[PDB]
Each structure stands twice: as structure tokens, then as C-alpha cells.
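Since the structure comes first, as C-alpha cells, the remarks are kept for the end.
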Amino acid sequence: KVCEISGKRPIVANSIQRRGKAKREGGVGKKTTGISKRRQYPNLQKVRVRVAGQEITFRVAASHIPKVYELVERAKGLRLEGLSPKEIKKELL
RNA sequence: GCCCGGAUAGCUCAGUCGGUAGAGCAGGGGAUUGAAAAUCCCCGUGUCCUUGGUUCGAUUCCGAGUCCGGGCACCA
RNA sequence: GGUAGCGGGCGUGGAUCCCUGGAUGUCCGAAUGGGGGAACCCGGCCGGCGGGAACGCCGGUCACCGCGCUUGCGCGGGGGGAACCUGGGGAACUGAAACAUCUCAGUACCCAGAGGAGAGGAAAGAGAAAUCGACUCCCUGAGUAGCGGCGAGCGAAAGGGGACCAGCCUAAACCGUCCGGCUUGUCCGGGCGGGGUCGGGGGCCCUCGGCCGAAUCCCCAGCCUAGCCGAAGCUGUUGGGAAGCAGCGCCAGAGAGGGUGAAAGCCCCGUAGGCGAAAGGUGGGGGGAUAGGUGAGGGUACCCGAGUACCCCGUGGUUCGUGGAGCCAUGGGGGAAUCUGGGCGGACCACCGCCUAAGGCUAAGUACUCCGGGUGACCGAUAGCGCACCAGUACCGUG
RNA sequence: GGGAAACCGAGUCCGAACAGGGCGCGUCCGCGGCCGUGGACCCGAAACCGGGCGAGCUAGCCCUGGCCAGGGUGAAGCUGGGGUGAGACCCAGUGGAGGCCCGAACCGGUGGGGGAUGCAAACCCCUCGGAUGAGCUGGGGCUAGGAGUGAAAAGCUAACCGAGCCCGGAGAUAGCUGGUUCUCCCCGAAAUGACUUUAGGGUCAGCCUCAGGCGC
RNA sequence: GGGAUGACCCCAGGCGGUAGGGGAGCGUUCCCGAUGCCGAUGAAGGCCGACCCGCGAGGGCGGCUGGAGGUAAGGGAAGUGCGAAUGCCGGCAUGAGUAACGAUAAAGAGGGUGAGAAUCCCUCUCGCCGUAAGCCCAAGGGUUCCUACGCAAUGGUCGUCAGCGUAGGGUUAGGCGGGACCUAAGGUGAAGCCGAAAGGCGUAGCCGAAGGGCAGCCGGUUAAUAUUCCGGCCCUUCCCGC
RNA sequence: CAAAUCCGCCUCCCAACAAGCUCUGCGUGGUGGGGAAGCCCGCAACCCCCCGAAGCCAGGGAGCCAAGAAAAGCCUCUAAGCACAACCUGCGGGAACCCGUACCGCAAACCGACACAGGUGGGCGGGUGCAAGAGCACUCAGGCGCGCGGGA
RNA sequence: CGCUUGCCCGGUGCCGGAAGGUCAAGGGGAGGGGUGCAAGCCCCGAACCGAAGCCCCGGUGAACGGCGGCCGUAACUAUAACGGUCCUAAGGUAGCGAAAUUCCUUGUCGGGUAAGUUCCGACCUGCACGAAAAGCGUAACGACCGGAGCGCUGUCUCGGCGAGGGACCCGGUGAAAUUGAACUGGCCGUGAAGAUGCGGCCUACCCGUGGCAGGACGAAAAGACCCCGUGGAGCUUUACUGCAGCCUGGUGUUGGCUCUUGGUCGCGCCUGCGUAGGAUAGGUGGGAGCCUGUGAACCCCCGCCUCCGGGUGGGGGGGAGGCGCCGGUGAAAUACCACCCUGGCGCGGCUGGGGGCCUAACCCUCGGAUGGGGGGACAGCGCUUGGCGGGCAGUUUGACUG
RNA sequence: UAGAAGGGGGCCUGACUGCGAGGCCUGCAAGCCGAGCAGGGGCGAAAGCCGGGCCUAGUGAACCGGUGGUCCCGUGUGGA
Numbered sequence: 001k002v003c004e005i006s007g008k009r010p011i012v013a014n015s016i017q018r019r020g021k022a023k024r025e026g027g028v029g030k031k032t033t034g035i036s037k038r039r040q041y042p043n044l045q046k047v048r049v050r051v052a053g054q055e056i057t058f059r060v061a062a063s064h065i066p067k068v069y070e071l072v073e074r075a076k077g078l079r080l081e082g083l084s085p086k087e088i089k090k091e092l093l
């Protein structure tokens, strides 16, 4: 699934199996014994964090963890209550 | 093809951190006992592969040649 | 209405009939009060009807999600569409005279989204020209340059001819205000407003002020949705019938065509030519109005889009299949600078040049044909659409 | 025009070479024959892949109901009697157990005959297996295509399953088999060789034909 | 060879033919020729001929049929010629008056009716079923129920008959069965979790029945309905008032 | 998942293969209906014995191991509330909606292209005889002779 | 159910082994190269450290599996209790045996029959039984397969008669596969080698109805069998290549405090005893002076190293003296000062391994918690490295060929 | 084939570079024989002979790579 901050989501990539010797060394070069489709995923993770009274957690790529703690800070100038951890986040840019 | 180890007594192997060439086994002479062994004394044996060079000389230290032994790859 | 028949009616006091606007429109269906085996059952609240409290009708109103403004109130969305379009996923038969890389192919297909189109789009561009100057589309370039078990095969771009013609708004410094935090400070950060948009510009300090103009609104012309006017021939004869044949005439901006008992410019409907809208659509094509935008110096060096550029690992796009492998995109790890900044010109270094990434919009030229009209060295009932006829019907299948 | 190219040019390339030697004197449209790419003369597979439709037939399990005439055998346990120091134990009576027995309904299919353009795309007659259980059965549910289910045959999954049906890719491919439509005139073959994952298929040579030229 | 090239006369040779190569023609559809030409005193198409012209494919001529179209000379395009494909569509033949007429429970006579009766109606004999071949419900079917007129077809024969044709009748509920009650497997699904899209899970809730809950018995009437209509006896809920 | 006078746990007066209060079945019951075989369509009893369920009283009893649905209606306990409400027991008068109901239904009307010798769940299924029975033979009620026939 | 289930861990599998060999990314960088005028910027790259797997050492049978040959010998002959020799991981035990296993085979004896390739009992030269793909047995059970008797019969010698439903004749209704056209005979021959159809001869007036199956190479199904096609599809494995899954090193999510050790670069101290020689000489260069109130000679208290000869560092006292050249020996000589690792200690940076304890990420739990317990930087997950991998997929497995 | 191709010695390296008229063989592509000119050599006094071996088998197209050289190309220019 997808990063709530960065918008990164799984992609398709190939998997190329080669044998043989680099041309760059010894020679003749490499042959592709096979190729298959497969997918790469974003290293994502949970970040739980304070903000107001409620708990509110984010499921974000590891590479943007910081950007959450940054968002917490710059929502210090903002009126936040209402039994709605759900709307805090929604109202959280 | 590329990177490691090695050659020393008949066999199998230990060495000065440059100045000594040494073990075990086998073979041989004797001690021995009912037989065969196991004890125990005693000796034989060298171009240290190899040609060069460092050096006061070198088995050791370094260029190089040679063969035996490993290790990892490529093959149109 | 497709009219025949009973059995009744209407109309120059202008009917039937055609165009435009409105009214009414059960039940199902995205289906939305709730339920459900689609067209059926069952409710709440407010009002109405019956003698009407129990019963039953009638009208109004009650789904969920997303955005905004004091929990209510406002805007929106949902589904369908012959092709045509963009994005996310994405085969195999086959070809290679076997097959595995390669090919068929980013094809068939699935999914989401857009609209009368869609996509793209104003240079971190092309590439070698003392060069060009957004994007799309056609003709060349060219089966060229290249890619390739260098096999089978795949296959660019620049440049030249045309079509169309258009350019714009923000982020950031700096300034003002409203609100809510803190360690109550000339402070931190949030919403508006102002400033500001570039191949060098902008901000801040000090000395000089004028046209360009909508893609937004308004008005017209024209056009679509009913219709109207239209020239000129008689007789005889053969014949079931004249439009044939014969005598004597006439029109033509009209001798396209169809019809009439056979074969007709002048009998009928038309054709050439010319007319017409109260109402609804359309509409810079032609006129008007705003919104918006236009200079120069000299100094400070405060700002120019960040987990980004950049390097490394894994992949995709391109003619490029690891190759000397750049450029453009990016899942993972590390990780800057603000113009003495940064990317590109096919590893790399140095010279010489090109361009300003990390926010957005933007007509026209192009695509398709459910729909209407025009044509045909197209078919003429085993043809042509599957259907000229009551056909996606009868009939076949659980579907 | 030569050359891989730099390049040179009526020449140019290998070469030291005024040796030798290799290559070096029209276009446009119409018409007709043949070739390449596209189904490319027409009909035909067994199969492969994609998206859907099927558990109202059949297989398993889940929820809730229903059904099994009448006979037969007689487990344990009770109660009494006996036995012993106490007991084990042994008798009678009672009692009604069980993937027990006979046999309908009901579930099944063992042997033989009939049927064989059938009454019937699995039937009929005689005979036979089970029948309180690992039992049969109605209604409501769930699992699917390299997947389900299976007391296990590769069985079943809507009258043909060693991988269902429908539509599409699609006019797959088919070195194989079949078929190919009016008339007259002139000429008229081959069934050999070489190579071929080749051997009933091909490529070159050979043998048929037409046009132009040459002329014993 | 003539050679007044005449495509006509004279002379001399060649002419079996599969795969194939080459050369000439004939016919089918459509276009120019066309605002023309033929045509009811008869177009196209159809049927006949012993006649005329062509080597032949073909083309003329004549007679009958047909009733509104046809289209030269000279040229141009192509869906252009069938006997075979276990070819495709349709029509009609052969087997042939042949095998069959769907349980071996079984028939006979007399009266009706009618154009017409082995096959319809009535009566009397005979035979077959009777944990059925009888009666009552559930599913599924969808007017087949009842009546009046009928018999072309459907019926394995016949048909005056019918589950057939035309037309009109006929299904009545507080208490029977479902729904304005309940929950079962399972399904759906607030909160909530997951997945490239499509979508997959899931607490409470909701749907879901032949299981739980729940008030009707005995008689009579129709051509065709009956715990539904009618009669006697016996019940259940709501609402208002005392 | 204390809110209870209800449940559940202790403790002690009475009371116990009972009585008492309940709730079903069958019997009877005011009275209402029905009512053969027989002639051309028609006279109005209803009593006594015997066999007897697999049905009823039903949540009955015993034995056994494999240890045998949920929820509402229905009783009771209290919450907020409310006590001029509100329930409960009689008695009177009102009110009581939607859908199905013909016919075939082991079959010629359903599944099998057919008026097909096949397939199809629940209840009733009389009498006599053969040991029993839903078995077998005949037979009640009721229904049929199977939509081609005649001769040899 | 009963009685039992022997021997072989060479090879395959699985289980155990903190050593050792091989080993990918990664760490590390001796040294090389391209370019710049250079600062630099760019490529390659050797030692060494570096997982799972593999090698290696062991275990393991109700784990895959396996369980011998040739010659000789007893006072008749026959045969061998005994013996020799080769091979193996080990050489088949008990029990059964011409068998659902036996080729030779109808083995040979016996039983049953008048006669018995079958059947039952025996014997073994078991082509080719054998212990949990169990061995030898076993009351009761069986629409299972074999061999026998008794009873009874149309099964048969060997057929007969009879019944009903069809077959046949008449009235009504009326199909089918098949079909080049047909005026459709025998024998010998002939022919693409099995003739109604050609040749010669022989037979035979025209047309039907009930019967039979020898022929029309009769009908039906574009042969399963055999080939053939560089045709298809299901199954297998130590066939090829991949993929799901599982294992594993480095990273990220990932943090505190200790102890213990590696490798590297700094520096600061040591380190060295052949023969001779004052005495324990590392090299090479410098070198005529150095040391002491920056308290020297001598003694005692005390650490470390040793070739046991000595070398060297501290503390306390004490007082004014110490060394080299020269000399002499040796290849090389001395005091003092330099760069230099031959090996070692001490603080340093720089990364890198193992042990513990913590709690605060992550995960599990607790009468529902802004909290308490438990695990804990491990586990899970992202990217990446190498391995195992018929559990799954695509395919290849030649031609000639009397 | 001894009128040496056989046996023995001396000096050598033509087991050359650049070409090659003309033919054998032949579907293709391959295989074979080769006089002669230029250059620089060996043996011989010279004539001359030598472009491996008495002769006919001892072999493998293209593709992809390795090493050593050289006139060539070198993605704006120099170099890589």
C-alpha cells in the first residue's frame, strides 16, 4: 500500500538473470538466462505521535518519517480538539 | 587462463627471526624369549629442485627457470 | 393513428396535421426512509380525507460520501454512452522452418477517468548551424542512422515543405492584519491581503511615469429547429388505356428526378431562381465593457520550489537486448547548495557553448460516427446488415 | 568510380614499385508476367492464452426437519440361592445389549436372458447385497477450472473431464489430405546430382518454353 | 514465290500429347457512346426447329409464350464461366405400400346421435388394479377447470370425441399458509483491518426457515370456490369509555 | 461487569415415594347436524360386547455414552423517568390491512425433443385367510381394459 | 488378534560438530591509469577480515536402500559335519517354498479318477520367498477366485408335442440407413496380382411372393494396431532454464550503559647476546665532544625481561665525579644525535567482532488503559547478497534404416 | 623411384615478403598445380636450384570474444 505523506506506492520491475563473463573483463559477454516481472515496495512503517490530546498514527515511508514530526510542530498554530483523531489527521494538512 | 603452498636421508617430514644441516620410519649389527611380537643399546645415508644475486660466507634472503600439489573462473 | 366494421362525433365561426415553450407523468432501474428473489413488501415525522382512537388512502419529507461556512445549513458526487481518447495492470497461439534470449506486442483483454473530443503544451529543449525558438497534425527525411541468439527481425530524431497560430497564473524574500501557541520575546506558526514571476529576474535602500488588452460579461449578423412562390399545348389517330405516331404551336436562370392505365420540358409533384420565425437553441464571425498588464540608473547582496539535486544499488522508456551506456523516469541507502547557485551537449577530464529541475492553467490545426443529408463504372431477395416481411423475434441452452 | 576509412578521382584499392593484379563507359504514366510483406487460391485440426458463466447433474461438509412392517438371538446389570475368616467365584430368575441374524418399505446393482433405426442416449424380466447405522431422505447453505471435491477410479464438477462451458485473440499454425469453373492454335518435360535435425519438404545444377541477338 | 502486298492467288513442308511455357478468340455484370436508338404493330426472360453463318466457345432466322423494359458500331472496369471439395442452401427421388402404430389387464352385444361411427353417448354381460393402477397435501406447471358452437390441422387408425379451434363464464378468509414476530448455517455489514484498480475480510446490527411463537370445529350449497359463501356452536388482538 | 424486594450463595422454625395451587388429554355435557340397501328417483334407529395403536396425556419412566440449537413471545427484578401518569382484572361499544386459494400433482397437465414401459418428498391406505406383517391370494370404496383393427 | 521382526552407516536422505578448507555482497585499500598548469575530478584494483550452503568429523533401519564366488575333504559308492583361497559396507537369520512368486515344466514322489497340463500332501538345484512396500500362522465373516463329492434336472445322447405375443393374408396410417448410372448369370483364364462388366466356352422365355445368409473385397466409423509430422497433450527425474517457498550476510525501521577483545594508521618508550672482543654490537649516516645544584660517583628498598650473562625503570640517601676517541679485537666499535619496525608494551584516533544489564521504539497481553504486566532492539516488515528448491512452469530428448 | 625420391658429411633457415599470366576440378562455397617480375637472402666455381617435407589423409564456414601491432574512425573542439 501507499505512503500517506509522499504518495509512493508499489511498482513493477523486472528480474534479469544473467550468466557468463563481463565483456569488460575476459570476454564474450553475458547471456540472459531469464526475465520475470515482480514488484518493489516502499519501506513503510507506523509513526504514533502526540498532537493535542489524541494519539493519531501515520503509515509513512521510512524515508519521510521526519516529515511527520515536522507536521506535528507546525500545527502548533492551530485550533485542535473535537473527539475525532480522524479529523485531526484530516485537518493535518 | 588467474591467485595461494611446496621440493632437504631409501620413505615421510621438522630448521639459525644470515654463522647447526636435524627427527620419525624403514634397512642393518647386538640384547632377548617355548614361537611370533612388544621392550632396550647401536650405528649407515646430502648438489637442501634450481641457476642467478644480496653478502664477511649462505640450506634460509631476492630475480628467474622447472615439476608435483591445491583454489577460483571462462569456452565462441 | 397502421380505418375495415359496427356505434357515435368534429371542422373556412378555421379542425386533423407540422415547429416552439409549458403541464401531467404509476411502478422498477445509479435508485437514495428501511427490506428485497428488479417492477413487490414494511416504516418514522408534518398536513389532508372517512363516523375516524384503533383501519386504510392522498400529498410533503427522511440514503451515503466529499468539500466549504458555529453540528444545522449550503454547494457537489454516484449512473449511462457506437466508436474515438488518456492513465493503472497486461497474455498466448504464432515467427524464429526445434527452442530458452528475441518475435507476435505494450497487441488482445481487464480496470479507472475525460469529453464533444482527449492527450500535449510555452524549454533545467533540440545539436553543431557565427543555428532554431511552446504543443499537436500531414508530406518528406528514410527502410536512412542505428538496434539485433548481428539470427528471425525491429527501426528513430534533427533538418526541409505544409496545416493551425497564444500565451498566462503562482512558491520564496520583504510589508500589513486577524487568530492560537509557548520559556510574556521587536517570538514561533496558521488563514487572508499586498508585493512577485525570470536567461538572468526579483526583494530592500536612494534620483526619472505614457499605451497593450481578454480565453470573462454585454449586443448584433449569420445559422439550426415549421414552411411559401414558381414559366410553357391543343387536336387527331392506333389502342383496354397515350405519355407513342401525325398536324399545327409555346416556355426555358427551369430538358435533375419521380408520378399518371405504355414511352410527356409545357397534365401532377418537383427542378432553376427567390422568399420566410412570435418561441427555443447556436453564435468576437462583427461590435462594445471590464479584469489584467506597460520605464530607466547606482548601491546592499535578503529570495528564487528538499528527503529534492547529487552518488551508489534494483528496474522501465528511447533505434539502444550490458554495451564505451549517456539522457528522461524511479522502488532502496546515503544526502547539498540559492546564481562564485544548478542541470545538458552519448563513459570521463579540460576547454567552448545550450538551458534554469524539484507548483499549476492554456483555444486552434487532429480522432471517431449512435445521429441527419448528398452521392455511387455498390447489392438487387441463397445478393445486400443477422433482419426489405411484427428479428436479436421464433426456436436452442441452467446460464 | 574505387576504398573499412582518412581520401583520391577517370581513375582508385593491395603494394616500396614508372611489377603485376580487382573493380571501374535516363526518367514519368498506362498495360501485362513473376517476387517481398500482409490471411495472400479456397474448406479443415489435436491444441495454446485472456475475460466471463456454471455445485437446480454429480463429490464433500455446514443449519434444520422427516423415515426404517413384523419376526429371531439374549451381553452387562439388578434380585434371590450357594461358597469363604473375608473373598474371588457358581447357579437360577429378571433384564433387553449389539457398525448381531431373517425379511418389506427404502438404499443398491451380483449372475443370466431380452432389448440394440430401443418403451429408454443405461430400459425391462428372473436371480441377488444391505436394511439401528461408517444408515436413507426433504428444505435451506458453502467450496471451481492447474482450481474444488474424492473410504483413491485420474472418479465426479449440467447426457464424451489425464484439466468444464461461453465469447474473444482468430481467418492460430497445418513442409498433410481434398477441390479449382468457356473455346481453338504451336511447342512440350522430370522422377538425376550436390548440400540440407534432410529423407513424401527445400536451394543450386540438369531437362520444357518465350523474347532479343549471333549466323554453319 | 509472286512482288502494281492483292492479307488474295501458286508451290513445298509441319500439325499424338500429362506437369508446364507461349498465341489467338467467345460469353456474363457494370461505365462512356445516351436529352440518342429499338419498343404494346410486343423489351428482358421462357419453350421449340430438320433452316442460315462460325474450326469452336458462340451468333442469326422462324414459330408459340411473356407483358416493360432493352441498348449497336468502337472502347473502358471486374464479385466474370462449376460436375466432382464425406462441399453449403433448398427441392424431389430410392429402399416400399416395406419395418413400425410404445407393456400379452380382454373383450361382446343392443339401443341413441350423425352426411359419415370397431374408435362419441346410454344400458347389460365379461376382464385388470386395490400398502393401488384409490384418496389428501407439497414442489413444479400456468387456464389445461366449467359451458356453447365446431373438426382443417394436433391424436401414431377413425372421430360426431378431447387436455385441439372460436367465444363466455369460474379462484371470496382476524382464526388455513406466508408478510406488518424470533432467531439457525450462511449471507450482508456501523466501528475497524487489508489490498496496483477492480476488490478481500469483519465486532455489534440487519436479512435468512419446512425450527420456536400463534385465535376454528361439525354440517349445507355451485356447471365450475369453499375450515374462504351460508347455518349452528367456539375463540384472538388492537382502540375508546365505565 | 450491584442500579434490585428478583436470581445465586451461607445459616435455622415448619413441611415431604403427600397436600395445595396450577396446565393439558379423554369422557360427558344446553343443543345442532347427518341418516342405508330398495321399485317408477325417497321408510327416518342411532344400543351392548370384544381387539386396539407407531397417535394423545408429554417436559412421563429407566438404561447407556458418542454427552445431545439459538432468539423472541411469556413470567419476574428493578433504571432513568412518572406517580391527576401508568400498568393489571371485569363489563360495554367500536376497529381488524397485503399476497396465495381454478385445475394436473407416481403423472398424457412436473424432469426426460414425443399422449416416451424411465425419475419424483409428506399423510391415509378397509375386510378375510396363510404363525406375524405395510409380505402373498381374492376382494370394499374408488379407478381402469393401457388411441389401429379383422382373420389365418 | 498370536508368535515374532535378524546382519550391513561404504553411497542417498535426515540429526548432531563454537576447529579447519571453499565462499557472494559488503569492509579494506598495497599498487596502476585518464585528464587538468595545478588544487583536484574521474576510472580500475592485490594482501587481509566476511554468512547460509558445500567439503570435512561423527550418529542414524518400522529412514531411500543392500544382504557373495571358486576349489578340496569321511575305511563301498553317494554326499560333505571339516578345510583352503578371492571379493564386500555386510554377505539372507527365524519361518515359508514348482507358490496370486517356478523359465526349463504337464519337475518327481504320494492322494483323488476307468483315465487328472487343474486341485490337495510331500521333497527343495527358491530362472527370480523372506520379516512393518511386514514374515509364518489364525476361530468368525464373503453376490470374491480354485478343486472335489451327495442330492436334482432338456445342459447333453437327441429330440418331440403343446400355449401365448410377433412373423403371414385383408382394411386404415406409413418411416430408415444407403444410393455414379445399370438392360446386374456359371466355369476356366485374364487383368494393379481374389471380375456380372475383358476372352473363350457353358447355361438361361417375361414379372413377382415367403424363406436363407455364401458373394457384391456388403453397411456403418477420413484405422487405436505399425510407421510417418522437426503435430498435440497427461505423468517422472541426480534432463535444461527458470519461478513460489524456505535459509542466509549487509543495510533501513534501530535506542541508552557497561565488560571483553581485532585490524589498522598517529605518536611516546623499549627490542637485538655466531667466533673474537673490556662487556648482550640491529643496520646506514653523522661524530670530538657529551653528562652533572635541569644535584653525577657508591649503597640499600622495588617492577619487568633473560640465552641466567646480565639489561633496564622507579623511589630514598649521598656528595663532585662520570664516558668516548686513543687502545685492542672484529666483517662491522662504542660517548652523543639522526632517519630507519626485526618484534613488543603504553596511551591515541579509525573503523570491526563477541558477553551481559537496561527500556523507550517494534510485538503479545491485562476486570477496556493518557496506564500495569511479559518479550525487547531480538522478532516482523522494505531494498539488497548468496544458497537450497519437479512444490510449480516452459521446453529439448538427431538422421540413415529391404 | 638406384641415370634416386634411398645412405653419409660441410655450410645454412626460401617452414621467405609483395604479387601472380595461365589452367585442373567444380551446383554453390571450397580443394589443387603454377611459370614469371620486384625486394632482400642461402648453397654452388658456374650452369643453376630453394616460396618446407617422394606424392595422395593429420581437418572445421560464419558469429562472439582474447592477445600483439598499424596508415584509419574518435558523437560541439583536444584528448580519452
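Quick note: the first sequence uses the working numbering, first residue 1, plus one each step. Using N, Cα and C, we set each Cβ at its ideal position, and we do this for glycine too.
Could you give the distance in angstroms between the alpha-carbon of residue i and the alpha-carbon of residue j?
{"i": "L80", "j": "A52", "result": "7 Å"}
{"i": "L92", "j": "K8", "result": "19 Å"}
{"i": "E4", "j": "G77", "result": "22 Å"}
{"i": "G26", "j": "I16", "result": "21 Å"}
{"i": "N14", "j": "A61", "result": "22 Å"}
{"i": "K1", "j": "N43", "result": "10 Å"}
{"i": "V49", "j": "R38", "result": "34 Å"}
{"i": "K89", "j": "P10", "result": "23 Å"}
What residue from the options has the CA that sits closest to residue i's CA?
{"i": "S84", "options": "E70, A61, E55, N43", "result": "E55"}
{"i": "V47", "options": "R38, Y41, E70", "result": "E70"}
{"i": "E87", "options": "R74, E73, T57", "result": "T57"}
{"i": "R18", "options": "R74, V12, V28", "result": "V28"}
From which residue to which residue does the beta strand (DSSP E) around residue i run?
{"i": "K1", "result": "No beta strand (DSSP E) holds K1; DSSP gives it neither H nor E."}
{"i": "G20", "result": "11-21"}
{"i": "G29", "result": "29-40"}
{"i": "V60", "result": "57-61"}
{"i": "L44", "result": "44-48"}
Residue range of the alpha helix (DSSP H) that residue i falls in?
{"i": "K90", "result": "85-90"}
{"i": "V72", "result": "65-73"}
Q. When the Cβ atoms of the stretch 60-75 are set against those of the stretch 27-41, are three or more pairs found closer than 8 Å?
A. no
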